[PDB]
Amino acid sequence: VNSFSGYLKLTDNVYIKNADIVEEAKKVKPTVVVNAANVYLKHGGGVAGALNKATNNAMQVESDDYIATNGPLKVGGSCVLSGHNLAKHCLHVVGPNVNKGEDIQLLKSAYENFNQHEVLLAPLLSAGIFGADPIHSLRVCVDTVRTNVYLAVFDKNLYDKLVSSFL
Ligand SMILES: O=C(O)[C@]1(F)CN(c2ncnc3[nH]c4cc(Br)ccc4c23)CC12CCC2
């Protein structure tokens, strides 16, 4: 038993809710919140901009030190940093950005990072301003992640479409 509330169960291990991931993280304080990161950990907009704003820019400060030490992530890769006031840990995961021409096959590699964590709160990777089809992202999630994932979908219209079209 965990504290996630109001989710629709899609499969044995995947759950979904129409929710603001920032508000959900602040209420649940999960062990892991996933950020929709880019390789530079520049958290300007989308989910990343919202999560970073909620940390009063502490996420960005920590991220800039990470990059200065380690260099950029790979598309499809991840790193574990602090969750600040939102979670114990933040798993920064880089999905391919279609608006940069990145290979959508890398979306499966991106979701594989979730399997290193028993339970996660997450957005749909490569959705929103990353330009991929969220229905496809949900399909890859379900077919790749084996650990327990709680997906927060900000847009109610999109949430209803994801549920109603789910196979
Ligand atoms: O960035 C995009 O375009 C997204 F559509 C939006 N994301 C979110 N997901 C879940 N809760 C979210 N709360 C927010 C608050 C603000 Br302000 C901005 C974005 C979000 C957000 C998912 C997405 C990132 C990968 C696809």
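Residues: numbered from 1 along the sequence shown. When a ligand or atom number is given, it counts from 1 through the structure's own listing order.
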Participant: Tell me: protein heavy atom nearest atom 16 (C) of ligand 1, and distance?
Facilitator: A50 CB, 3.2 Å
Participant: Do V39 and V93 sit in one hydrophobic cluster, given that two such residues count as connected whenever their side-chain heavy atoms are within less than 4.5 Å of each other, even indirectly?
Facilitator: no
Participant: To the nearest 0.1 Å, how far is atom 4 (C) of ligand 1 from its closest protein heavy atom, and which atom is that?
Facilitator: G128 CA, 3.4 Å
Participant: Counting from 1, what ligand 1 atoms have a heavy atom of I129 closer than 4.0 Å?
Facilitator: 1 (O), 2 (C), 3 (O)
Participant: Which atoms of ligand 1 sit under 4.0 Å from any heavy atom of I21?
Facilitator: 10 (C), 11 (N), 12 (C), 13 (N)
Participant: Check each heavy atom of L125 against ligand 1 and say whether those closer than 4.0 Å belong to the side chain, the backbone, both or neither.
Facilitator: neither
Participant: Hey, which atoms in ligand 1 end up nearer than 4.0 Å to a heavy atom of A152?
Facilitator: 9 (N), 10 (C)
Participant: Compare every heavy atom of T144 with every heavy atom of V140, then report the nearest pair and how far apart it is.
Facilitator: O-OG1, 2.7 Å
Participant: Please list, in number order, the atoms of ligand 1 under 4.0 Å from a heavy atom of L124.
Facilitator: 25 (C), 26 (C)
Participant: Look at the side chain of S137 and the backbone N and O of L125, then say whether any donor-acceptor pair between them is shorter than 3.5 Å.
Facilitator: yes
Participant: Which heavy atom of the protein is the closest neighbour of atom 18 (C) of ligand 1, given with residue, atom name and distance?
Facilitator: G46 O, 3.4 Å
Participant: Name the closest protein heavy atom to atom 14 (C) of ligand 1, giving the residue it belongs to and the distance to 0.1 Å.
Facilitator: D20 OD1, 3.7 Å
Participant: What about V28 and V47, same hydrophobic cluster or not, with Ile/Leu/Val/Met/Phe/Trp/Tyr joined at side-chain heavy-atom distances under 4.5 Å?
Facilitator: yes
Participant: How would you list, by chain and number, every residue that makes a side-chain hydrogen bond (donor to acceptor under 3.5 Å, both in side chains) with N2, sequence neighbours excluded?
Facilitator: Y150
Participant: Note the single closest protein heavy atom to atom 9 (N) of ligand 1, along with its residue, its atom name and the distance in Å.
Facilitator: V47 CG2, 3.1 Å
Participant: Are the side chains of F4 and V119 in touch, meaning some heavy atoms are under 4.5 Å apart?
Facilitator: yes
Participant: Without swapping roles, check the side chain of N38 against the backbone of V94 for a donor-acceptor pair under 3.5 Å.
Facilitator: no
